[PDB]
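Just the one chain here, laid out as structure tokens, in the form deposited in one PDB entry.
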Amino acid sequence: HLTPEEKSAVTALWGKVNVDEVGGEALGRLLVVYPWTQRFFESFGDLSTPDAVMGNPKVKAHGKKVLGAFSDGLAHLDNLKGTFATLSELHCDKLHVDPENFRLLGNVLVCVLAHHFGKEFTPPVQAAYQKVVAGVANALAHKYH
């Protein structure tokens, strides 16, 4: 669990985050750094180069959707499992997405936050976000069967 001081740190930093932009950046980097994750987006078009992926309008659009749901979750840190129950079921039953992808995205997101915030993304702040991305990934994986 996060300490009261960690929750405040998470919430404080997130208030400065442009969710749409970070979403496109995080999803795009996921597809570039771990190319096999492109397997779920064969309808998105050109993903043959880093720029082709990062600038792909469908990737940027989907990134908004993804981090948008992530952002809402940050407003319910005490009930991540309930918050992501319907999305968990959807990702398992309809999209067939291996939960490991959520973990990979979490790590990429941490890297993106560090890249954007620089020194402000202190070791303690990172530790707080590691608990957050882990919690979100576990919540999204909870309804798999």
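Start at 1 and count along the sequence shown; that's the residue number. Throughout, rigid core stands for the largest set of C-alpha atoms superposing within 1.5 Å between the two forms.
Colleague: Tell me which stretch has the larger mean Cα B-factor in this entry, 55-63 or 78-86.
Modeller: Comparing 55-63 with 78-86, the higher average CA B-factor belongs to 78-86.
Colleague: With reference to the PDB entry, specify whether the mean Cα temperature factor is higher for 112-120 or for 25-33.
Modeller: According to the entry, 112-120 carries the higher average C-alpha B-factor.
Colleague: Tell me, lowest, middle or highest third: where does the Cα B factor of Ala139 rank within its chain?
Modeller: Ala139: CA B-factor falls in the middle third of its chain.
Colleague: Looking at the C-alpha B-factor of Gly45, is it in the lowest, middle or highest third of its chain?
Modeller: CA B-factor rank for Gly45: highest third.
FYI, the form deposited in another entry isn't displayed, but the following is about it.
Colleague: With the two forms superposed on the core, which of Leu104, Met54, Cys111, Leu77 shows a CA shift of 2 angstroms or more between this form and the one not shown?
Modeller: Single hit from the list, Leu77.
Colleague: For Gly68, decide whether the Cα shift between this form and the one not shown is 2 Å or greater, given a superposition on the rigid core.
Modeller: Comparing the forms between this form and the one not shown, which are aligned on their rigid core, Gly68 does shift its C-alpha by 2 Å or more.
Colleague: Are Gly82 and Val10 closer or farther apart at the Cα level in the other entry than shown, by 3 Å or more?
Modeller: Closer together, which means the C-alphas of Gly82 and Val10 are at least 3 Å nearer in the other entry.
Colleague: Might you say whether the CA atoms of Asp72 and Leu31 end up closer or farther apart in the other entry than in this form? Their distance differs by 3 Å or more.
Modeller: Compared with this form, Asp72 and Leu31 lie farther apart in the other entry.
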